[PDB]
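Enquirer: The structure is given below, and queries will be raised subsequently.
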Amino acid sequence: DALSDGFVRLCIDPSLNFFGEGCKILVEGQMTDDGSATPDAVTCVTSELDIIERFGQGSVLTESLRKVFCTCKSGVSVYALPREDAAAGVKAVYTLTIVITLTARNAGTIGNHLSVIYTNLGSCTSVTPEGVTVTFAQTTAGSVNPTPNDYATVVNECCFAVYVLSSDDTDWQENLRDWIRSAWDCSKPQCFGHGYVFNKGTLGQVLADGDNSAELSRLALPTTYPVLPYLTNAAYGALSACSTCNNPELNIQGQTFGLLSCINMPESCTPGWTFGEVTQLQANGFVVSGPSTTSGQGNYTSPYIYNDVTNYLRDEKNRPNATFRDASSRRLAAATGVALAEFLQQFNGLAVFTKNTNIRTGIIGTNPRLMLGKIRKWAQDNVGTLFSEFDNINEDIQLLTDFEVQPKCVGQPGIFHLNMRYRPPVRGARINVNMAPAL
Amino acid sequence: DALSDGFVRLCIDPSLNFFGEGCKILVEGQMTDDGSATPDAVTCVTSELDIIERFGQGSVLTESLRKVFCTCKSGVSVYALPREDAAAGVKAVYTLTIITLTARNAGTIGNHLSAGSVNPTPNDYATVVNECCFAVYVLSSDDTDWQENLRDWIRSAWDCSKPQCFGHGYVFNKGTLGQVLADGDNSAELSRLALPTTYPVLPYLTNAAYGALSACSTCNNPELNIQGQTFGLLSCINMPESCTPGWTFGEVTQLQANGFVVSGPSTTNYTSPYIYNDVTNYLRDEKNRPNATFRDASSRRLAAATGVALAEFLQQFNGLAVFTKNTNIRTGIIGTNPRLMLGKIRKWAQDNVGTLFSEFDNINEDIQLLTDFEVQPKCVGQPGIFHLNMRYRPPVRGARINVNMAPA
Amino acid sequence: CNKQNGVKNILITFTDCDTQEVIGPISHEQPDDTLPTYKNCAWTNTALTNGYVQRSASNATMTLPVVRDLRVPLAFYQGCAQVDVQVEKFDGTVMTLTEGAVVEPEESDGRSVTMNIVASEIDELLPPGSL
Amino acid sequence: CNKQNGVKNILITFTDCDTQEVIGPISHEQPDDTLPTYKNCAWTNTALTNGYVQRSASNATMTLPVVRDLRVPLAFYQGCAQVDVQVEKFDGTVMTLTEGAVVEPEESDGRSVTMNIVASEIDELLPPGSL
Amino acid sequence: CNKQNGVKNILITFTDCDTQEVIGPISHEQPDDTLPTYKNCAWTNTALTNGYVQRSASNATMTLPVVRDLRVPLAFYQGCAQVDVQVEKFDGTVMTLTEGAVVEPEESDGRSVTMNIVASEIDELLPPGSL
Amino acid sequence: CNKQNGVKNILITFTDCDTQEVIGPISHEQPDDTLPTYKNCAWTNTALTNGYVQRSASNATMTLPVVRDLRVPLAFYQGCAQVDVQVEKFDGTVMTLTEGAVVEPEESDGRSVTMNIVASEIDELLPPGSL
Amino acid sequence: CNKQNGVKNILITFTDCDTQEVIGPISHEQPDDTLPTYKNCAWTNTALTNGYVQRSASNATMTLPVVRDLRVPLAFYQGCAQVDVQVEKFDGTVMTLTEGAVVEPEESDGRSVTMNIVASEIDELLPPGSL
């Protein structure tokens, strides 16, 4: 043919997948019956075309996956956990009186959040013809949501960095929280993770939905929120995952790092949350989001998030436990733990001398003091990427064999004990400028 | 026909807007029942053709907006706040002997043509205009209650608690010397345009023209002073020439003293009045009787522009990094310590001289950045937060000449 | 010890003029013991006869030898980008330069580069105690 | 180590401008400790009064000292043939130059030659992790 | 950077006067550092005695050194065809000329041609913010 | 200052002769170190035989190289509008020219313009201490 | 290369106007780096007022520096004989000229001669890809 006989093999197609996975994310939500995805089974998605084939069209899960793909062009692998609609199919029903009756495609309270707006008034180009009185007042609200609670079986030993939930069911949220908390069990090898969920409603009730969950990022959404909440939740989770990935230190804040570009919301003059209770939400560990440009009427504006923190406000007993306030500290702790676990793997199977610390020439081994020196060197090499400068290296790193940490005849050869007290990096938060137009 | 087939679409509409532009201006005035605009609702107005139907024919707001478009060919995007007439609104009654004339809107706004009473007191700025930020606010009546409410809301807009939303307002006060002085308020959020008792032109028209001229002049140049026959000439307003001045020279001097904008004729056929001074009403500080920090209208605009620009410039430090105290920055890390931040702030302030400030006196003293964990007393400081101070100085402009001729 | 001559921090910010994308401010490391060299006064004088001096407008220049960052293209160091360079010395003095341009880029080997940065003015910080 | 300065591979492809015969690519070796030296920015800048800069078109040049191959005529190394030179450093950087020309030949002793290659543009591979 | 002096785009359209065939607009490249020069005022003021001048009709001229395109005959660059030149500078200025004629052809070597274009008027763009 | 030679402030006022808009006085900047060059005496003397000279009416002429202002059309600098020029030197003297005219414009690149200004008289400040 | 400027082949055929003896074509040589220049357009333009151009007839001139061939008398190169020259540039362009006559010969040192060839028209090859 056209000199394509052998060596070269062209596969022209406008749908390909490039990246080599890394920094996995899991999305779990309801699915329409049209899709062919196996219910209650984690699956890996590769592109955007297959999303409609697997999980149907119009479902919450496919829209969340589309937003995740839009926000994350490359750098992560997306995993999905399809879920079937609950047995009680109470599908939410709207009404577009002009009269058009609108029905949600998935039953439950998930279909009870939808706002339709009309770009009336002047708007230059949006001059409406005389008449056309659009009305939107709903007819009935859905209910009954699935409560799978089958994490221990579907996902047994697959560690996921980010968990995305596309529902406001408090029981579902607390089940996911309990599973992720159980992932940090000292009796088993851990799967460090973090889940993002949303809590839409008035200020009075949203505070009730929150608790001391250090492993959830509650996203406060007002009653008059136009965008579908799960789209914003998925965009926030994907933005966090791709922004951090291999750089688990960046805080998702500002018009440079905390911009949900894919999401677009109509301009408004009432700024959703009001400043005093914006501060109230800031105080009690809630992720507050706002408009990029408030100003006045015009075109759409992308949303804008604040305070990339977790819903952790209390210690085991005391109030001020800031060790897990920021979401960046969580990823920093997970990365430090994993990296340290990898680093110490070199000592597996190595010979250790404790009584006579004179290694014979040619012997491949070491003694506890040399291990302590190597560990201190490794800790010093990670300053600026995982830790602060440091407090005082003599006392905050300790290597002890079990013989001298346990009483008479309680120890056992080959067991050590390492204690480390690191401090995360520091970042700026406020300015408080004070001007004075003196003459 | 011609080239017009598919690609390229033609339109010969003789009433067309151009672009969205900027420098939004809000005008508030009563509307007649014939209009279709929703009362207590702020909307954008694009052209002068559709005003007559949206705000009625002969209404005060319609005339004010028409004069605003006359004064400003481009550079602003006007916003209108129609107000329905009072329920208990007495109509203005005129009688001409040679024709019985009546105003088209009930209230006292019809008594200034050369009688009605009770004007609607809505006091609803907090909800109708919640977070919209308007550079210029225009009020189209002499009711002191509206002026007080608008001044109070504008003062609340600059309050330090919530994020600031700067703005300025223009109001008029027509009457005798005793009446106009009593209306004066120490607040610099309003510019009282004083008018004589025998003023021929309707007052709201002149006030709207002045506000539009101020907004369109400043816009992106918040330093020009509306003053003189070149910068403060109202070319739209025409009034018949007269030999009797509305105000005596001493009267003008007293009005100038007490923070009142005074207009004057251009020839002393129809003549276009021009503004003498662009001074606001900032007679006294909270207890300091003399204070020139806010006398001129340019001071408020300069302060707002400097604040907004400085806030925008500081946004780069949003979660970048801060290696305060600690040590020096490592290699490859993206961050900065307070010393470098102070240096960059000083550089920004120095580069901004000539358009927002004037030289400075000692930039090492006027500019002062301080970390918060040391500005407050012992154990009061809190980490991850800064402080900043800035004693900038506004530019200077020309004044009287005091010429003295003598032959020989 | 206060009596120390050297450079403590070097921060460079790149702003591509074609796409208006800002990179930095990244920290940089010296390749050798040659310190950055400055010229603050924006006017250049010329000698005339018998004490007179002809004063004319000129630039504020700066010579900056540093080590390139492996995450930044080399072309950004040779005049295809606008630099925002800020250097802190051991004695507390801070040199701030904004909206700079590289004038005469010499060829580099891919590790160490020397910039001839030009700007309208350079800001001096003068650690506390002045005049 | 990841901390090393030096070259790893240097390939040069020669194309005859008369008979259109292509030779290479052939690996080459350094004659001394001097590394190939690059200038990537295709525009040159000229200092003007008070911070202004005059942008004019220029070339992406390279200085390349190599030991000539005994299977290739010396004239091919002195501007009588096209060169498609490509150099990879130890840290992962790869600079690619195609359709280059040797501008100013110099008297070589018959073993080591120093090329001054001028081309429209030079591509950088910029090892993983960018901007 | 906006502190830059130089051209960015040059477009020439040739209209042959015999067959009325239109070629262009085609982008062009500068041969050297020289920038095109302009003369917009259509009048000339011959100086007279005691402050008076004599206004007279003249032409809006232009000098344009460009590298010719290999797809266009050289005769088109030396007065046998019309020119429609449009020059855009780095600061946003756009100079538009139409119905121009090359007034004084000069010996060209076949690569770089310098035009002396004479036209009735030239239009400036004056990037936003004028008078 | 003490004995410096140079210019500090340059003010030009443009007055259109066909529409009578007045723009200025606008500050300007020198492109290089070539100072403005002046001729005040409005008479030129022609040498004749045996110490005799001839007096004929002449023009007070001013030469001014300045950088074009991006907000002002270039045609204003080339004789399409009256010029009112006022410049201050470092020594303190001020030269005032009113109702000028550009006589012999030459093609400029759009950034640097040299003005050949004619007038009927030119005023001098002569800093304190005269005759 | 396809990116090279220069001349490749020069062919001159001499035909004396007295004996009609035809010698050539002979490959000639360039004395220095100066390339031949051209003016292919056969009509000359002159400046008039308000964009007008007075068209007048002219010639397609040619300047040609060559090295004298010792087998050919020098007087042939200086106007006692017709020349039919054809020189091809490196980019493929061919300038074919027939029945040319040198107009203004000047002193030559015996090796290098600078032609001033005049003709009614000059041909152009325009390597493939035209208009």
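Residues are named by chain letter and number: chains run A, B, ... in the order of the structure tokens, numbers start at 1 in each chain, and ligands are numbered from 1 in the order shown.
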May I have the residues of chain F within 7 Å of chain C, counting only C-alpha atoms, written as a list in words?

Expert: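 Output check: residues 3, 4, 5, 6 and 33 of chain F.
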
Enquirer: I need the chain B residues near chain E as a PDB file with N, CA, C and O atoms, in the first residue's frame; criterion: at most 12 Å, counting only C-alpha atoms.

Expert:
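out_25.pdb was written with the following content:
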ATOM      1  N   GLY B  75     -17.446  53.703  27.909  1.00  0.00           N
ATOM      2  CA  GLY B  75     -16.612  53.550  29.081  1.00  0.00           C
ATOM      3  C   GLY B  75     -17.321  53.098  30.342  1.00  0.00           C
ATOM      4  O   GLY B  75     -16.641  52.777  31.325  1.00  0.00           O
ATOM      5  N   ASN B 220     -10.726  54.021  34.518  1.00  0.00           N
ATOM      6  CA  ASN B 220      -9.402  53.444  34.705  1.00  0.00           C
ATOM      7  C   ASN B 220      -8.345  54.473  35.085  1.00  0.00           C
ATOM      8  O   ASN B 220      -7.167  54.118  35.204  1.00  0.00           O
ATOM      9  N   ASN B 221      -8.733  55.731  35.276  1.00  0.00           N
ATOM     10  CA  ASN B 221      -7.822  56.805  35.671  1.00  0.00           C
ATOM     11  C   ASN B 221      -8.394  57.475  36.913  1.00  0.00           C
ATOM     12  O   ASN B 221      -8.937  58.584  36.846  1.00  0.00           O
TER      13      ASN B 221
END

Enquirer: What are the residues of chain C lining chain A at 12 Å or less? Count only C-alpha atoms, and put the answer as a ChimeraX atom specification.

Expert: /C:21-23

Enquirer: For the residues selected in the previous step, produce a file with N, CA, C and O atoms as an mmCIF file, in the first residue's frame.

Expert:
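That gives us result.cif:
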data_model
loop_
_atom_site.group_PDB
_atom_site.id
_atom_site.type_symbol
_atom_site.label_atom_id
_atom_site.label_comp_id
_atom_site.auth_asym_id
_atom_site.auth_seq_id
_atom_site.Cartn_x
_atom_site.Cartn_y
_atom_site.Cartn_z
ATOM 1 N N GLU C 21 2.547 32.174 31.065
ATOM 2 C CA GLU C 21 2.583 31.167 32.116
ATOM 3 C C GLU C 21 3.755 31.455 33.044
ATOM 4 O O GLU C 21 4.877 31.684 32.581
ATOM 5 N N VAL C 22 3.492 31.438 34.347
ATOM 6 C CA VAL C 22 4.464 31.825 35.362
ATOM 7 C C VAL C 22 4.970 30.571 36.059
ATOM 8 O O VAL C 22 4.175 29.745 36.522
ATOM 9 N N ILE C 23 6.291 30.430 36.131
ATOM 10 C CA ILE C 23 6.942 29.308 36.795
ATOM 11 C C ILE C 23 7.839 29.857 37.895
ATOM 12 O O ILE C 23 8.688 30.717 37.636
#

Enquirer: Show me, as a PyMOL selection string, the residues of chain A whose atoms get within 8 Å of chain B, using only C-alpha atoms for the distance check.

Expert: chain A and resi 121-124+251+253-254+269-271+275+294-296+384+389+426-439

Enquirer: I need the residues from that last selection saved to file as an mmCIF file, in the first residue's frame (with C-alpha atoms), if you can.

Expert:
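Wrote out_22.cif, looks like this:
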data_model
loop_
_atom_site.group_PDB
_atom_site.id
_atom_site.type_symbol
_atom_site.label_atom_id
_atom_site.label_comp_id
_atom_site.auth_asym_id
_atom_site.auth_seq_id
_atom_site.Cartn_x
_atom_site.Cartn_y
_atom_site.Cartn_z
ATOM 1 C CA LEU A 121 -33.398 40.123 32.117
ATOM 2 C CA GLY A 122 -31.202 42.223 29.848
ATOM 3 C CA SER A 123 -28.003 40.175 29.436
ATOM 4 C CA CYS A 124 -27.494 41.862 26.025
ATOM 5 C CA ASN A 251 -2.442 22.498 49.727
ATOM 6 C CA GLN A 253 -6.045 26.588 47.903
ATOM 7 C CA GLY A 254 -6.227 29.795 45.909
ATOM 8 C CA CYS A 269 -25.686 38.265 43.570
ATOM 9 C CA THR A 270 -26.550 36.358 46.754
ATOM 10 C CA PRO A 271 -23.208 34.758 47.652
ATOM 11 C CA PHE A 275 -19.586 35.882 55.745
ATOM 12 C CA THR A 294 -18.743 37.533 42.402
ATOM 13 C CA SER A 295 -19.113 41.072 40.966
ATOM 14 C CA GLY A 296 -22.525 41.061 39.289
ATOM 15 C CA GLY A 384 12.501 19.989 52.765
ATOM 16 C CA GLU A 389 14.293 21.588 59.379
ATOM 17 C CA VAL A 426 5.070 25.255 57.237
ATOM 18 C CA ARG A 427 2.923 27.441 54.989
ATOM 19 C CA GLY A 428 1.327 30.882 55.103
ATOM 20 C CA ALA A 429 -2.378 31.538 55.509
ATOM 21 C CA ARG A 430 -3.217 35.237 56.029
ATOM 22 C CA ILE A 431 -1.802 38.741 55.519
ATOM 23 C CA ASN A 432 -3.913 41.334 57.402
ATOM 24 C CA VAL A 433 -2.840 44.406 55.440
ATOM 25 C CA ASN A 434 -3.392 47.789 57.122
ATOM 26 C CA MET A 435 -3.427 50.888 54.910
ATOM 27 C CA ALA A 436 -3.225 54.561 55.901
ATOM 28 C CA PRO A 437 -3.741 57.310 53.306
ATOM 29 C CA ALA A 438 -1.876 59.899 55.370
ATOM 30 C CA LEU A 439 -1.019 63.217 53.735
#

Enquirer: Taking every C-alpha atom in sequence order, what RMSD do you get when chain D is least-squares fitted onto chain F?

Expert: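 After superposition, the RMSD is 0.4 Å.
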
Enquirer: Could you write out, as number ranges by chain, all the residues of range 41-111 of chain C that DSSP marks as strand (DSSP E or B)?

Expert: C: 43-47, 53-57, 60-67, 82-89, 94-97, 100-102, 108

Enquirer: Of the candidates D:125, D:131, D:87, D:117, which shows the shortest atom-to-atom distance to residue 39 in chain D, using only C-alpha atoms?

Expert: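 Of the candidates, the smallest distance to residue 39 in chain D is held by D:117.
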
Enquirer: Tell me, as JSON, numbers by chain, which residues lie within 7 Å of residue 173 in chain B, counting only C-alpha atoms; anything in the same chain fewer than 5 positions away does not count.

Expert: {"B": [142, 180, 192, 193, 194, 195]}

Enquirer: Those same residues - N, CA, C and O atoms - I'd like them written as a PDB file, in the first residue's frame.

Expert:
ATOM      1  N   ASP B 142     -34.262  64.772  46.153  1.00  0.00           N
ATOM      2  CA  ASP B 142     -33.778  65.602  47.247  1.00  0.00           C
ATOM      3  C   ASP B 142     -34.267  65.131  48.610  1.00  0.00           C
ATOM      4  O   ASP B 142     -33.994  65.794  49.615  1.00  0.00           O
ATOM      5  N   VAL B 180     -29.633  74.410  52.454  1.00  0.00           N
ATOM      6  CA  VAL B 180     -28.608  73.531  51.898  1.00  0.00           C
ATOM      7  C   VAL B 180     -27.538  73.218  52.940  1.00  0.00           C
ATOM      8  O   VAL B 180     -27.029  72.092  53.002  1.00  0.00           O
ATOM      9  N   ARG B 192     -22.351  66.249  47.941  1.00  0.00           N
ATOM     10  CA  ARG B 192     -23.553  67.073  47.881  1.00  0.00           C
ATOM     11  C   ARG B 192     -23.374  68.144  46.813  1.00  0.00           C
ATOM     12  O   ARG B 192     -22.565  69.064  46.974  1.00  0.00           O
ATOM     13  N   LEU B 193     -24.128  68.031  45.724  1.00  0.00           N
ATOM     14  CA  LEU B 193     -24.113  69.029  44.660  1.00  0.00           C
ATOM     15  C   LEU B 193     -25.133  70.108  45.004  1.00  0.00           C
ATOM     16  O   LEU B 193     -26.343  69.888  44.893  1.00  0.00           O
ATOM     17  N   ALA B 194     -24.646  71.272  45.423  1.00  0.00           N
ATOM     18  CA  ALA B 194     -25.524  72.357  45.829  1.00  0.00           C
ATOM     19  C   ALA B 194     -26.073  73.084  44.610  1.00  0.00           C
ATOM     20  O   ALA B 194     -25.347  73.353  43.649  1.00  0.00           O
ATOM     21  N   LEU B 195     -27.363  73.405  44.655  1.00  0.00           N
ATOM     22  CA  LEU B 195     -28.040  74.084  43.564  1.00  0.00           C
ATOM     23  C   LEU B 195     -28.831  75.267  44.098  1.00  0.00           C
ATOM     24  O   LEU B 195     -29.348  75.220  45.218  1.00  0.00           O
TER      25      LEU B 195
END

Enquirer: What's the 12 Å shell around residue 32 in chain C, counting only C-alpha atoms, without same-chain residues fewer than 3 positions away, as a list in words?

Expert: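 Residues meeting the cut-off are residues 6, 7, 29, 35, 36, 64, 65, 66, 67, 111, 112, 113 and 114 of chain C.
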
Enquirer: Let's have the selection written as a PDB file, in the first residue's frame, with N, CA and C atoms.

Expert:
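In the end it all went to result_18.pdb:
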ATOM      1  N   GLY C   6      28.551  36.734  51.007  1.00  0.00           N
ATOM      2  CA  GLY C   6      28.029  35.605  50.265  1.00  0.00           C
ATOM      3  C   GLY C   6      26.571  35.821  49.927  1.00  0.00           C
ATOM      4  N   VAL C   7      25.973  34.774  49.363  1.00  0.00           N
ATOM      5  CA  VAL C   7      24.567  34.776  48.980  1.00  0.00           C
ATOM      6  C   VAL C   7      23.853  33.670  49.742  1.00  0.00           C
ATOM      7  N   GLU C  29      21.076  27.424  42.944  1.00  0.00           N
ATOM      8  CA  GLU C  29      22.346  27.185  43.615  1.00  0.00           C
ATOM      9  C   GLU C  29      23.495  27.699  42.759  1.00  0.00           C
ATOM     10  N   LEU C  35      30.256  35.618  43.062  1.00  0.00           N
ATOM     11  CA  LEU C  35      29.000  36.163  43.547  1.00  0.00           C
ATOM     12  C   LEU C  35      28.259  36.902  42.438  1.00  0.00           C
ATOM     13  N   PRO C  36      26.938  37.044  42.565  1.00  0.00           N
ATOM     14  CA  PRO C  36      26.201  37.892  41.625  1.00  0.00           C
ATOM     15  C   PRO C  36      26.666  39.334  41.730  1.00  0.00           C
ATOM     16  N   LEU C  64      24.235  37.302  36.869  1.00  0.00           N
ATOM     17  CA  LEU C  64      23.799  36.237  37.770  1.00  0.00           C
ATOM     18  C   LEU C  64      24.287  34.881  37.282  1.00  0.00           C
ATOM     19  N   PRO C  65      25.393  34.374  37.818  1.00  0.00           N
ATOM     20  CA  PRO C  65      25.771  32.984  37.538  1.00  0.00           C
ATOM     21  C   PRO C  65      25.104  32.016  38.504  1.00  0.00           C
ATOM     22  N   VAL C  66      24.338  31.058  37.981  1.00  0.00           N
ATOM     23  CA  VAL C  66      23.624  30.071  38.782  1.00  0.00           C
ATOM     24  C   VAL C  66      23.681  28.724  38.071  1.00  0.00           C
ATOM     25  N   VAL C  67      23.133  27.705  38.727  1.00  0.00           N
ATOM     26  CA  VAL C  67      23.000  26.369  38.160  1.00  0.00           C
ATOM     27  C   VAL C  67      21.565  26.195  37.686  1.00  0.00           C
ATOM     28  N   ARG C 111      24.658  22.907  32.524  1.00  0.00           N
ATOM     29  CA  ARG C 111      24.584  22.888  33.979  1.00  0.00           C
ATOM     30  C   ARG C 111      24.679  24.277  34.586  1.00  0.00           C
ATOM     31  N   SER C 112      25.663  25.070  34.177  1.00  0.00           N
ATOM     32  CA  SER C 112      25.890  26.398  34.730  1.00  0.00           C
ATOM     33  C   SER C 112      25.658  27.439  33.647  1.00  0.00           C
ATOM     34  N   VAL C 113      24.877  28.465  33.975  1.00  0.00           N
ATOM     35  CA  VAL C 113      24.574  29.548  33.051  1.00  0.00           C
ATOM     36  C   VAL C 113      24.900  30.870  33.728  1.00  0.00           C
ATOM     37  N   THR C 114      25.161  31.886  32.911  1.00  0.00           N
ATOM     38  CA  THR C 114      25.415  33.239  33.386  1.00  0.00           C
ATOM     39  C   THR C 114      24.471  34.185  32.664  1.00  0.00           C
TER      40      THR C 114
END

Enquirer: Using only C-alpha atoms, which of F:68, F:73, F:106, F:100 sits nearest residue 123 in chain E?

Expert: F:73

Enquirer: Using DSSP on the backbone coordinates, identify the residues of range 301-398 of chain B assigned to alpha helix (DSSP H); present them as a ChimeraX atom specification.

Expert: /B:301-314,338-351,363-366,372-375

Enquirer: Name all residues at most 7 Å from residue 121 in chain C (count only C-alpha atoms; drop same-chain ones fewer than 3 positions away) and give them as a PyMOL selection string.

Expert: chain C and resi 40+42+60

Enquirer: Just how far from CA of residue 93 in chain E is CA of residue 83 in chain F, in Å to one decimal?

Expert: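 CA of residue 93 in chain E lies 22.9 Å from CA of residue 83 in chain F.
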
Enquirer: Enter the distance from CA of residue 37 in chain F to CA of residue 74 in chain F, in Å, rounded to one decimal.

Expert: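 Value for the CA of residue 37 in chain F-CA of residue 74 in chain F distance: 21.8 Å.
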
Enquirer: Excluding residue 92 in chain D and its own-chain neighbours fewer than 6 positions away, which residues fall within 9 Å of it when counting only C-alpha atoms? Please give them as a list in words.

Expert: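 Once the nearby chain positions are removed, what remains is residues 125, 126, 127 and 128 of chain D.
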